[PDB]
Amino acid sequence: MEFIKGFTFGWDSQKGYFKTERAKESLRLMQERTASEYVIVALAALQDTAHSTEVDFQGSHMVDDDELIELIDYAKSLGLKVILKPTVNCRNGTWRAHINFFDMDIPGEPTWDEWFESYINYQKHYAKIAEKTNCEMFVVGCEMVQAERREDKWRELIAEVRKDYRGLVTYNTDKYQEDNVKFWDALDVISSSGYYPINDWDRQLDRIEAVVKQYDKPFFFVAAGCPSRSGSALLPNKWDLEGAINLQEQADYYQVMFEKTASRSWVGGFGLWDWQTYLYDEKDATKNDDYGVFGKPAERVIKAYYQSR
């Protein structure tokens, strides 16, 4: 598989965002300033809590099918390939990694089968969209740490997705969880949220290597990145981390990350975390403490490295 030079887009979007021309502008800025050849459209449905069974993708937190199809078409019209990544959030704030139900089915309690039924139906709806728009890859799940043990249900879900979509299929595991998934044989690509510390890449890359070699498959970090924020380089996943603005720390993180993964041939690309739909003004970049890379010194590290591959 070719080296995926990718960037995540659209995580901030809601109903209506993908029609506006600000969205089309942001996408062109993203491609121009980073040299990304892939866009990872990251969307999120909602369930009430980590222990609810209804997954809701029709409410206004979610873009409508028509503006999504349009945004994808527009992306491909710019020479960008498209990975579609529908995951799920909780309305009470709980990280999806905690979505969980009892092992046994208990009378009157929510069950794994009820959740997976709602979640399968959600995935199939977007797998049909991925097929009609000829997306290159489709991500059936993201950081579902406590659900990953339910292997037969993930295998059932992947089969259901293949009925609608004939392209590449992967699953996005969380950091340090690459061997927590036992259904990699059923996917085409292995991927993880590579939020590893700036000073621990060697140990982590060596662990992941041995996990990948147990399987048939290419690997890439479908998510990776770092806020421009003091302390983030050691904990790049923690989006609510409290620390002063620090653009240089974000640039150091990307420099180190590309340097360490460039020597590893099984590391097959990136879906850098994120490029916002409603991008800030480049004048305010110097005071932005978010994952965004627009107008910041890390923007040039990514452009150069992606342009070197």
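Heads up: residue numbers just count along the shown sequence, starting at 1.
If you average the C-alpha B-factors over 23 to 31 and over 265 to 273, the higher value belongs to 23 to 31. For the pair 4 to 12 and 298 to 306, the mean B factor over Cα atoms is greater in 298 to 306.
For the set 223, 75, 90, 139, the PDB entry assigns the largest Cα B-factor to 75. Annotation for residue 80: C-alpha temperature factor in the highest third relative to the rest of the modelled chain, per the entry.
Sort the modelled residues of the chain by CA B factor and residue 216 lands in the highest third. When the CA B factors of the chain's modelled residues are split into thirds, the value for residue 55 lands in the middle one.
Among the modelled residues of its chain, residue 279 has a C-alpha B-factor that falls in the highest third, as given in the PDB entry.
Residue 245 sits in the middle third of its chain by CA B factor, as recorded in the PDB entry.
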